[PDB]
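Asker: File follows, query-v4.pdb with PDB, C-alpha atoms:
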```
MODEL        1
ATOM      1  CA  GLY A   1     -18.969   3.631   0.147  1.00  0.00           C
ATOM      2  CA  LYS A   2     -18.005   2.590  -3.403  1.00  0.00           C
ATOM      3  CA  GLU A   3     -15.649  -0.252  -4.390  1.00  0.00           C
ATOM      4  CA  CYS A   4     -16.184  -0.307  -8.171  1.00  0.00           C
ATOM      5  CA  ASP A   5     -12.500  -1.004  -8.990  1.00  0.00           C
ATOM      6  CA  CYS A   6     -13.622  -0.817 -12.644  1.00  0.00           C
ATOM      7  CA  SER A   7     -16.497   0.877 -14.512  1.00  0.00           C
ATOM      8  CA  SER A   8     -17.174  -1.855 -17.100  1.00  0.00           C
ATOM      9  CA  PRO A   9     -19.444  -4.699 -15.920  1.00  0.00           C
ATOM     10  CA  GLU A  10     -17.807  -6.980 -18.512  1.00  0.00           C
ATOM     11  CA  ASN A  11     -14.134  -6.292 -17.699  1.00  0.00           C
ATOM     12  CA  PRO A  12     -12.116  -9.382 -16.707  1.00  0.00           C
ATOM     13  CA  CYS A  13      -9.861  -7.355 -14.365  1.00  0.00           C
ATOM     14  CA  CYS A  14     -12.774  -6.492 -12.050  1.00  0.00           C
ATOM     15  CA  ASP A  15     -15.904  -8.249 -10.784  1.00  0.00           C
ATOM     16  CA  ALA A  16     -19.565  -7.259 -11.219  1.00  0.00           C
ATOM     17  CA  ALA A  17     -20.679  -9.102  -8.057  1.00  0.00           C
ATOM     18  CA  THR A  18     -18.430  -6.821  -5.974  1.00  0.00           C
ATOM     19  CA  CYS A  19     -17.470  -4.265  -8.649  1.00  0.00           C
ATOM     20  CA  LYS A  20     -13.813  -4.892  -7.741  1.00  0.00           C
ATOM     21  CA  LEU A  21     -10.675  -6.628  -9.050  1.00  0.00           C
ATOM     22  CA  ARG A  22     -11.721 -10.259  -9.479  1.00  0.00           C
ATOM     23  CA  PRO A  23      -8.382 -11.790 -10.547  1.00  0.00           C
ATOM     24  CA  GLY A  24      -5.004 -11.199  -8.861  1.00  0.00           C
ATOM     25  CA  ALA A  25      -4.377  -8.348 -11.323  1.00  0.00           C
ATOM     26  CA  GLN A  26      -3.508  -4.881  -9.981  1.00  0.00           C
ATOM     27  CA  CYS A  27      -6.267  -2.751 -11.542  1.00  0.00           C
ATOM     28  CA  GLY A  28      -9.576  -2.955 -13.426  1.00  0.00           C
ATOM     29  CA  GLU A  29      -9.147   0.086 -15.670  1.00  0.00           C
ATOM     30  CA  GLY A  30      -7.125   3.326 -15.873  1.00  0.00           C
ATOM     31  CA  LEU A  31      -4.544   4.952 -18.149  1.00  0.00           C
ATOM     32  CA  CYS A  32      -1.448   3.536 -16.441  1.00  0.00           C
ATOM     33  CA  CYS A  33      -2.552  -0.098 -15.959  1.00  0.00           C
ATOM     34  CA  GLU A  34      -1.395  -2.900 -18.273  1.00  0.00           C
ATOM     35  CA  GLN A  35      -3.739  -5.820 -18.998  1.00  0.00           C
ATOM     36  CA  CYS A  36      -4.738  -6.368 -15.349  1.00  0.00           C
ATOM     37  CA  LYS A  37      -1.479  -4.868 -14.005  1.00  0.00           C
ATOM     38  CA  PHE A  38      -0.353  -1.617 -12.319  1.00  0.00           C
ATOM     39  CA  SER A  39       1.989   0.334 -14.610  1.00  0.00           C
ATOM     40  CA  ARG A  40       5.324   1.307 -13.045  1.00  0.00           C
ATOM     41  CA  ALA A  41       5.308   4.414 -10.814  1.00  0.00           C
ATOM     42  CA  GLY A  42       7.226   7.407 -12.180  1.00  0.00           C
ATOM     43  CA  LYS A  43       5.046   6.913 -15.252  1.00  0.00           C
ATOM     44  CA  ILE A  44       3.068   9.667 -16.972  1.00  0.00           C
ATOM     45  CA  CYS A  45      -0.646   9.157 -16.181  1.00  0.00           C
ATOM     46  CA  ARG A  46      -1.335  12.455 -17.972  1.00  0.00           C
ATOM     47  CA  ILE A  47       0.269  15.652 -19.291  1.00  0.00           C
ATOM     48  CA  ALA A  48      -0.311  18.996 -17.542  1.00  0.00           C
ATOM     49  CA  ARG A  49       0.186  22.077 -19.874  1.00  0.00           C
ATOM     50  CA  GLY A  50       2.111  24.883 -18.087  1.00  0.00           C
ATOM     51  CA  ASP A  51       3.883  24.548 -14.684  1.00  0.00           C
ATOM     52  CA  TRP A  52       2.929  22.047 -11.917  1.00  0.00           C
ATOM     53  CA  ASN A  53       3.324  18.351 -11.032  1.00  0.00           C
ATOM     54  CA  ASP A  54       2.486  15.857 -13.816  1.00  0.00           C
ATOM     55  CA  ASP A  55       0.236  12.903 -12.887  1.00  0.00           C
ATOM     56  CA  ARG A  56       3.145  10.484 -12.388  1.00  0.00           C
ATOM     57  CA  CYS A  57       1.211   7.191 -12.306  1.00  0.00           C
ATOM     58  CA  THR A  58       1.894   5.706  -8.857  1.00  0.00           C
ATOM     59  CA  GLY A  59       3.040   2.104  -8.281  1.00  0.00           C
ATOM     60  CA  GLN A  60      -0.439   1.472  -6.829  1.00  0.00           C
ATOM     61  CA  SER A  61      -2.567   3.561  -9.220  1.00  0.00           C
ATOM     62  CA  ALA A  62      -4.097   2.527 -12.569  1.00  0.00           C
ATOM     63  CA  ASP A  63      -6.137   5.566 -13.649  1.00  0.00           C
ATOM     64  CA  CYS A  64      -4.995   9.187 -13.854  1.00  0.00           C
ATOM     65  CA  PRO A  65      -5.993  12.109 -11.660  1.00  0.00           C
ATOM     66  CA  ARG A  66      -5.897  15.782 -12.711  1.00  0.00           C
ATOM     67  CA  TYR A  67      -4.279  18.835 -11.093  1.00  0.00           C
ATOM     68  CA  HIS A  68      -4.662  21.407 -13.894  1.00  0.00           C
TER
ENDMDL
END
```
Could you write out this structure as structure tokens?
Answerer:
Amino acid sequence: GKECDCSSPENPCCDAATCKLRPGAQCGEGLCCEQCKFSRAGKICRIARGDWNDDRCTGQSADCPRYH
């Protein structure tokens, strides 16, 4: 599988030995993740352009997906 919580091998929020959150933070990298923390759900992890469901950052998500 793949547990690379982050993509940077120098990030303090993740770990290179296991490519995953090293500290007790809540994320290694994303658009809705404070310095080692999960933003608050109901947040905007992106901005669609016409009609659909925005990428409301979840209370357990740090990056942002994409529907359109």
Asker: Would you kindly translate the PyMOL selection byres ((chain A and resi 44-56) around 10) into the concrete residues it picks from this file, as a PyMOL selection string?
Answerer: chain A and resi 30-33+39-43+57-59+61-68
Asker: Quick check, in Å to one decimal: how far apart do atom CA of residue 6 of chain A and atom CA of residue 29 of chain A lie?
Answerer: 5.5 Å
Asker: Hey, can you check how far atom CA of residue 24 of chain A sits from atom CA of residue 9 of chain A?
Answerer: 17.3 Å
Asker: Could you tell me which residues the PyMOL selection byres ((chain A and resi 10) around 12) grabs in this file, written as a VMD selection string?
Answerer: chain A and resid 6 to 9 11 to 17 19 to 22 28 to 29
Asker: Name the residues captured by the PyMOL selection byres ((chain A and resi 36) around 6) when it is applied to the shown file; answer as a list in words.
Answerer: residues 13, 25, 26, 27, 34, 35 and 37 of chain A
Asker: Using only C-alpha atoms, please write the residues we just selected to a file, as a compact mmCIF listing (two decimals), keeping the file's coordinate frame.
Answerer:
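Dumped everything to out_5.txt:
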```txt
# COMPACT_ATOMS: atom_id res chain seq x y z
CA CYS A 13 -9.86 -7.36 -14.36
CA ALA A 25 -4.38 -8.35 -11.32
CA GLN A 26 -3.51 -4.88 -9.98
CA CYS A 27 -6.27 -2.75 -11.54
CA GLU A 34 -1.40 -2.90 -18.27
CA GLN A 35 -3.74 -5.82 -19.00
CA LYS A 37 -1.48 -4.87 -14.00
```
